[PDB]
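Working notes for the structure below.
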Protein chains: 6
Amino acid sequence: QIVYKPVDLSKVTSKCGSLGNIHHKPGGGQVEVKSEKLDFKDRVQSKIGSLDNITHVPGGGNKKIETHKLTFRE
Amino acid sequence: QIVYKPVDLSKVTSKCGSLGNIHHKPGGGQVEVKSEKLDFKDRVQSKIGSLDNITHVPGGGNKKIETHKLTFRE
Amino acid sequence: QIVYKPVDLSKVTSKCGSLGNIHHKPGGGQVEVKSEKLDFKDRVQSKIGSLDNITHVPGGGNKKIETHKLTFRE
Amino acid sequence: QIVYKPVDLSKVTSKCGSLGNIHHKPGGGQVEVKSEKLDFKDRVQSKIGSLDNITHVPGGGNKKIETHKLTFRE
Amino acid sequence: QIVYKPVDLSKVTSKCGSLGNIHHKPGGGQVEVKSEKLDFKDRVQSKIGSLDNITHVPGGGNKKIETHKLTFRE
Amino acid sequence: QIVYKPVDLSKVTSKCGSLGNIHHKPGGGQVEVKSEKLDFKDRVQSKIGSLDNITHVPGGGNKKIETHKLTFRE
């Protein structure tokens, strides 16, 4: 006889009274990338020559990440 | 006999009273990328030569990610 | 006997009282990408030479992602 | 007797065998000017809040600036 | 008797065999000017809040600036 | 008797075999100017809050600046 029975009552929470004056003012920039040959093979994630500006202001940014297994000889 | 019964009553939650004055003002930029040959093979994610501006302001940005398995060889 | 019966009553939720004054003002930009030959094969995602502006302001951006398996000799 | 007789045989000259490969690539920009009240009076030259790009490529840009007076009790 | 007779036989000159490969690539930028009340009066030259890019490539940029007076009380 | 008779045989010159590979690549920047009240009066030259890029490549940049006077009280 085999049993898998985790029991979860968990809480992942936030309370913000007001999320206010966020100012993002990037002053430009210069990016130069040089290469000859690019090979990418199998599951590569690649980012070349970028001038990216991100403002990310979630009213709550909460992550719950879980993984569960019951495995017989994987 | 085999049993799989994870039990979940969990909460991933937010409360924001007001989400307000987000200003995003990128000042331009310059990007120059050089190459000759690109090969990409199998599951590649690729980003070359970019000037991307993102504003992301969700009233709640909460993420729950789960994975469950009951496996006899994989 | 084999049984798979995970039980989920879980909540992924938000409340934002007001979602307000988002200002996005990109100041232009310059992007120059050079290459000669591109090969892309099997499940590739590619983004080459871009000047992209995204405003994303969901009143709730909550994400729940699940995967389940009951697997016999994959 | 009064005699004003200046003599000019002078030369202001150039040769360029060729005037060639000139690249101007401004990467954008952001300008913000704030004020309430403007009182420009008498012979004012003014520029406010500008993002100007000039390419100026004269095959000869030679300047002679000259000025003569014969003046009795100005 | 008064005799004003300056004599000019002078030269202001150039030779360039070629005037070639010139790149101007400004990477953007951010300018913020704040004020309340501006009172420019009498012969003012003014520039406020500028992001200006100039390329100036004359095949000859030779300047002669001259000035003559014969004055009996200014 | 008065005799004003300067004589000028002068030369201001240049020779360049070629005027070649010139790169100007400003990497952006940030300028913030704050003030309340501005009172420019009489012959002012003024610059406030500037992010200016100049490339200046004259095939010859030669200046002659001259001044002649015969004056009975200026």
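By convention in this document, the chains of the structure tokens carry letters A, B, ... by their order, each chain's residues are numbered from 1, and ligands are numbered from 1 in the order they are shown.
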Nearby residues (only C-alpha atoms) at most 9 Å from residue 5 of chain D, same-chain spacing under 5 positions excluded, as number ranges by chain = E: 3-6
Contact check, chain A to chain E, at most 6 Å, counting only C-alpha atoms, closest pairs as JSON lines:
{"residue": "A:27", "atom": "CA", "partner": "E:29", "partner_atom": "CA", "distance": 4.7}
{"residue": "A:28", "atom": "CA", "partner": "E:29", "partner_atom": "CA", "distance": 4.8}
{"residue": "A:29", "atom": "CA", "partner": "E:27", "partner_atom": "CA", "distance": 4.9}
{"residue": "A:30", "atom": "CA", "partner": "E:27", "partner_atom": "CA", "distance": 5.1}
Please identify all polymer residues within 8 Å of residue 58 of chain E, counting only C-alpha atoms, omitting same-chain residues fewer than 3 positions from it, and present them as a PyMOL selection string.
-> (chain D and resi 56-61) or (chain E and resi 61) or (chain F and resi 57-59)
Residue selection dump (C-alpha atoms) as a short mmCIF file (atom, residue, chain, number, x, y, z; two decimals), in the first residue's frame:
data_model
loop_
_atom_site.label_atom_id
_atom_site.label_comp_id
_atom_site.auth_asym_id
_atom_site.auth_seq_id
_atom_site.Cartn_x
_atom_site.Cartn_y
_atom_site.Cartn_z
CA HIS D 56 25.17 70.74 -43.48
CA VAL D 57 27.61 69.74 -46.27
CA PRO D 58 28.46 72.67 -48.60
CA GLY D 59 30.96 71.93 -51.43
CA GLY D 60 32.54 75.15 -50.21
CA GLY D 61 31.26 77.01 -47.12
CA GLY E 61 35.11 76.32 -44.05
CA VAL F 57 34.90 68.61 -40.08
CA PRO F 58 35.84 71.50 -42.40
CA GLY F 59 38.19 70.52 -45.29
#
To one decimal in Å, tell me the separation between atom CA of residue 36 of chain C and atom CA of residue 37 of chain B.
->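 Result for atom CA of residue 36 of chain C versus atom CA of residue 37 of chain B: 6.0 Å, one decimal.
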Between D:23, D:69, D:64, D:34, which has the minimum distance to residue 49 of chain D (counting only C-alpha atoms)?
->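 Looking at the shortest contact to residue 49 of chain D, the residue is D:34.
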